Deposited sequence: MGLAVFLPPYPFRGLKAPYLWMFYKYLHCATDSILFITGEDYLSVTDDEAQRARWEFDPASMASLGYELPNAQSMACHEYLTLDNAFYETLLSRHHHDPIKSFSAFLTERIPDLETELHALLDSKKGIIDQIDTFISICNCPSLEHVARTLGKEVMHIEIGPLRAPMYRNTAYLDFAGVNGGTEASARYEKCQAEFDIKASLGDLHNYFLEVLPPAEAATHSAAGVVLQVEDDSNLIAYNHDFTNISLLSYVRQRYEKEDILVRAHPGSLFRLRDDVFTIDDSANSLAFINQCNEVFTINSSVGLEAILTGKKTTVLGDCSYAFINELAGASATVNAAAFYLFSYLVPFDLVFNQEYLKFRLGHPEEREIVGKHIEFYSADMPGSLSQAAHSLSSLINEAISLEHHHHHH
């Protein structure tokens, strides 16, 4: 079975931070799952003070394709719960800075965590050999170290850069890391000769677009959520304010359009920059000549719509932007969209997960994904035909 790692540590001040993934795996479950998580994930539904959480919003449920679990759904699965005394102790060892503690969690081994993980997995004999793979929503060298000792793989799985309602829902699935330390460029370089796609970047974009496009600054600045893992561990020290300064070296304010992340706690004053108030990020980038980002999903959007895009942080799609030719870029973007990204529902499907655990060929992977997208032959022929059929 699956072992799904969903840590309770409230690095960003929220209990059960990964609750949506917990609910999605429960809803799409076909077999018993081992959940390595916290007690908060189980008691959140009866906590009256948390009922305004977006995970309980029917619009969010419908968008991500899950419904709330009942006692019956819960009982089908096994649970190991992590203790909070470690989180306090973790904070203690990082000057009580929860963000730097989060950074350590993402990028460093933590012996105490490894110990507790080993003890939990051993708490019931048989558990370890039932495990076919670990799943984690984030990079975690503590878990990954434990996994090597036990001979288990770690799939890193997260909602992707293209999301409903603007796009078909996508997801990341990466054996090495998600967002940071990804294997997308390595996978592409191995199979790049198989990609000869007769389309433009905009044609690729259109395939994933689910809506009629919205239909004039030189510089567009994409801002992100300030305490996102992307801006904590994978940012190359860049922040929203230093990204702005970067762009301000290169442009006068009259040529700068800034869009804050809707999910941010902060937003711009309207005295100094021209502030974007578009209804979506696509309408925002469409007004810009070139786009600047650290490692936002919107960076990929900019690339697919043909805009010159600057990416200052580490991210899974950055290698697409580093290629010189237009044809080379299209082929890389096609691999990324059709083989690296996964149809969202599939990374919660145990049959698909077992398929990927076998480490099949890129051709098979693309075949599976297009089969899903076309729910309604060479690799390049598959993609070209899919694009043509629309």
Map the modelled residues onto the deposited sequence and report the uncovered stretches in sequence order. 1, 217-220, 382-390, 405-410
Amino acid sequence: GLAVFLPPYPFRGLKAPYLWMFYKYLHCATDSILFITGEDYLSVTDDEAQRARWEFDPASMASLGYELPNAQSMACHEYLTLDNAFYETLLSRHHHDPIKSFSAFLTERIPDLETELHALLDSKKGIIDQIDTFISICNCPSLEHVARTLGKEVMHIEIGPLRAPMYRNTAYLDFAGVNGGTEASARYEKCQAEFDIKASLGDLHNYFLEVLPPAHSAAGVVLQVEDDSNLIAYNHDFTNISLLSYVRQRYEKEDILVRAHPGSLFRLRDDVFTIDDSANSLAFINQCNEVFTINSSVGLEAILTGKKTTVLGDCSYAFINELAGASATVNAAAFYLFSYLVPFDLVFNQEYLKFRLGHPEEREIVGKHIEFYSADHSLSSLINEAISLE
From here on, numbers count along this sequence of modelled residues.
Per the PDB entry, mean CA B-factor is higher for 167-175 or 278-286, namely for 278-286
Between 295-303 and 117-125, the record assigns the higher mean Cα B factor to 117-125
Based on the PDB entry, the highest CA temperature factor among the options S43, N349, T37, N331 is that of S43
Highest-ranked of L341, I365, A49, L357 once sorted by CA temperature factor in the record: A49
Comparing against every modelled residue in the chain, figure out the third that the C-alpha B-factor of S101 lands in (lowest, middle or highest). middle
In terms of its chain's C-alpha B-factors, the third that includes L323 is the highest
Lowest, middle or highest third - CA B-factor, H369: lowest
By its CA B factor, does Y188 count among the lowest, middle or highest third of the modelled residues in the chain? lowest
Going by the recorded CA B-factors, say which third of the chain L244 sits in, lowest, middle or highest. middle
